[PDB]
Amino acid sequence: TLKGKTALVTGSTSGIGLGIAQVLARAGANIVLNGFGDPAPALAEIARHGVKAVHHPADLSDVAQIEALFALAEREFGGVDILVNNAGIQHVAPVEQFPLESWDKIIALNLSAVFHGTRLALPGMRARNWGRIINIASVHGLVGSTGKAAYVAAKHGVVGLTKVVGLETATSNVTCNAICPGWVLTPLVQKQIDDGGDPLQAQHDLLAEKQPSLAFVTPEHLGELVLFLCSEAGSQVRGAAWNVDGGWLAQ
């Protein structure tokens, strides 16, 4: 179904990104993984699916490393057919106590990397007469929260870059869209929850204010939506920002 397509997913050595890669892999895509830490438990996950997978450790706040990432995909599979721009970093502080380097780093990775990714993948998508760009943005690409100046700013920028790129490719078989998740049960959020108290009330205390369902989204939910955007039923979904959020945006 995606056999013969090649998906690259940024920040996919674990968490949301690996859940996404997992589903693409299952539907027959070859995989370019990206991320820090040992890339091998993850490579062996994707390969379980009867597919070739590779990993590049690009630090995506460095453009030249983004370039060597895309250069590895060109040499290894003839380029990227599905780009999932997923990697992200966070820092929580009042705007006037926000670390200056956190600002720049968050803008670089959450926003600028997505424009770099897209610019490098889009030529081959157009040439091969088919393409999918899926930016994993956030509810924070649509509304604000106190303490998240840089993240909400970057995620908004992504939502808007999505629209521009969906419009620029409207008359082709390449689509660009954004998924906007609320709370996701990630390795890092799991670790949080693990860090006295009790697991239920830590997770309730996290979700209660913003997320009316009081239940996490999972990586696998997000993976399936990606697969959806990659099907033919996704062909006239263009420049959209779809939220998966347990009611976050509804109120």
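Numbers for residues come from their place in the sequence shown, where the first is 1.
The entry shows a gap from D195 to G196, with 4 to 9 unmodelled residues of the deposited sequence in between. Here the stretch with the larger average CA B-factor, out of 34 to 42 and 219 to 227, is 34 to 42. Among all modelled residues in its chain, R75 ranks in the highest third by Cα B-factor. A21: CA B factor in the lowest third of modelled residues in this chain (values from the PDB entry). Residue-level temperature factors show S138 in the middle third of its chain, judged at the C-alpha atom. Per-chain ranking of the deposited C-alpha B factor places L8 in the lowest third.
Among all modelled residues in its chain, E101 ranks in the highest third by Cα B-factor.
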